[PDB]
There are 2 protein chains.
Amino acid sequence: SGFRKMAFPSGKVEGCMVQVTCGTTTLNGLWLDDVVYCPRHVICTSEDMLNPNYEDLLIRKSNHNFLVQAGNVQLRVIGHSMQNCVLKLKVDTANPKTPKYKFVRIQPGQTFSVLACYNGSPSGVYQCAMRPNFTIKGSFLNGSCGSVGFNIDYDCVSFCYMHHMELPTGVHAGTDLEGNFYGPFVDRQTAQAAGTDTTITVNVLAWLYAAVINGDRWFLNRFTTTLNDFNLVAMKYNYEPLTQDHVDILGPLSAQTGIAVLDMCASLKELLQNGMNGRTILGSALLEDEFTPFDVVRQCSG
Amino acid sequence: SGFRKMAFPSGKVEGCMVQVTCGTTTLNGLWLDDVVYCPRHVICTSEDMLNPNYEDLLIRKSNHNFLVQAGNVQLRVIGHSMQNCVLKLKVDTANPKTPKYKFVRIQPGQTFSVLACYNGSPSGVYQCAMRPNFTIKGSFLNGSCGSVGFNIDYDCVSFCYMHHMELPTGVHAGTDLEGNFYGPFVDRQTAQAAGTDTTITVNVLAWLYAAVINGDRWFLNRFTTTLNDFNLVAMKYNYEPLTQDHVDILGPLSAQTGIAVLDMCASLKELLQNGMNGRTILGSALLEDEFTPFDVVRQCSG
Ligand SMILES: O=Cc1cc2ccccc2[nH]1
Ligand SMILES: O=Cc1cc2ccccc2[nH]1
């Protein structure tokens, strides 16, 4: 029993983190096969930060201008190119620790593990979710550019996120591993507002199912509700609408607990309208929305 | 910015996890140099669970009765011995991935990362703390026996915990890597009460300092307090007493924020007596006590 915000084991990703320096800027890079991936921020300086001319900055760079270090081992760059917001540095040595991997672009509401790195050295690992406004509420310091997010599916690493910048509000924005930003963000030092964030409804319902599985049952009421009636209440409290796709994905949890999805919606409906009255669910006084239905099944039943 | 319950990178520990089977029981093991460490629970069956005679059970075992598998590789056992509650299985092959390591016994209030493993395969990693009653609030399923807790200090893995059992209350108990249980627990299937748990005061204060560093300042009041007056209030709300050793360890955070430790105590004093009024600190509606002063410095300033 028990329930934690667990992250995937990071060993397969640790063996791929390198340090990338071009001129005077240093950040993290991802070394897969004979290619190092890193944000194109590495070819910038302070002066150009308001609106960098990335093409002109890269035209003036040679392969030798890129210093790539795997631990204490210098990798020789034998070619370079830019794809959207990331650079591909071709090196003469293939990473012997390359895991089976895929590049994926995730949807809002899905979760992934973040390996926070500095100077190519992993510092820590944590679990987070892609918010509906395409930001993440991570923990990054200066020098964390190039840190990657990922999921692990039975020895296959699915890379989904590379870290770029921190917004004035304290949230974070990044790209997929093909260089495209999640959300309407650009790698320039200009004020960029994130959209209004909402709560991931299907994740809260999955988290309530995990509570029932681990013995927290006080919030379950005796009522049911329709899908339309539930979505009307969810709209008032800034929750995402619940779709039949979401009801379908909650099926296995419903079968394990015997609680129909619309019955759990009736219980969430009361929680939204009346609050917790100082009580907690799985050790939290707030409703958690960073556990997918898949995350709940994995932790509650391997 | 941002603040997460971060765990250490697990790669150095993943390379040491093996599967240990003796007879019909299977659990996890820790493979360091030419020795595999695992709970002595592996030589038990259902019948003997109420009060296992561990010495008699081990006397009837040969080296060949122990099946140790590192991935798909079978390790040959060439010797065995029992030290307290763990077994040492000497194998003919040294683990080529053995990191620099130490065996440590931690104190209550200190934190460590847990690598949850099943059949010798890491499943996830999370951060937790040794409670004052010597339990941990982890997340384990059946088959998690032998999972280890650890800290990483610049390439040196300090192993501090090996998982054994789950109490009827849903909390977890284990041993150090020399086989001695944390707290008054025995590896038998008998009802064993944990002592009344308390809140780790110095960790809450460190977590409040992390809030100030990341911009949450609403709880800071205009008052100060003495150490004796603070401990009187902390006693009423089941908080550990604050010692001068704790005041000393909070020094660096006080210097960074300019807030004297006794001033932050005055602010915690008001929070304990009046509550949060529905507001949150670092995204939580409860006071968190699983971040040490060392954890806060690492995440807020690498
Ligand atoms: O990857 C690092 C990085 C990208 C970026 C864009 C704007 C401002 C700071 C930034 N850092
Ligand atoms: O390590 C696994 C393990 C030890 C133990 C003791 C009592 C009951 C169950 C147990 N599992």
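Atoms within each ligand, like the ligands themselves, are counted from 1 in listed order. All chains are named by letter (A, B, ...) in the order of the sequence lines, taking the proteins before the strands, and each is independently numbered beginning at 1.
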(request) Anything under 30° is parallel, anything over 60° is perpendicular, the rest tilted; go ahead and classify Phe150(A) against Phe8(A). (result) tilted
(request) With heavy atoms of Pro39(B) as the reference, note each atom of ligand 2 found under 4.0 Å away. (result) 1 (O)
(message) Test your reading of the structure: does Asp187(A) have an N or O sitting under 3.5 Å from an N or O of ligand 1?
(response) no
(request) Pick one of side chain, backbone, both or neither for how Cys145(A) approaches ligand 1, counting any non-hydrogen atom pair under 4.0 Å. (result) both
(message) Could you work out, for atom 8 (C) of ligand 1, the closest of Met162(A), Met165(A), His163(A), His164(A) by heavy-atom distance?
(response) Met165(A)
(request) Compute the shortest N/O to N/O distance between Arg188(B) and ligand 2 and return yes if it is under 3.5 Å, no if not. (result) no
(message) Suppose we screen for ring-ring contact (aromatic ring centres under 6.0 Å, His included). Which residues come up paired with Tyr161(A), at least two apart in sequence or across chains?
(response) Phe112(A)
(request) Mind checking side-chain contact (heavy atoms from CB on, under 4.5 Å) for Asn180(B) and listing every partner two or more places apart, or none if nothing turns up? (result) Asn84(B), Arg105(B), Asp176(B), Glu178(B)
(request) Test the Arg40(A)-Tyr54(A) pair against the cation-pi criterion, namely NZ or CZ under 6.0 angstrom from the six-membered ring centroid and within 45° of the ring axis. (result) yes
(message) Just to verify, which of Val36(A), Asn28(A), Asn119(A) counts as forming a side-chain contact (heavy atoms from CB on, under 4.5 Å) with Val20(A)?
(response) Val36(A)
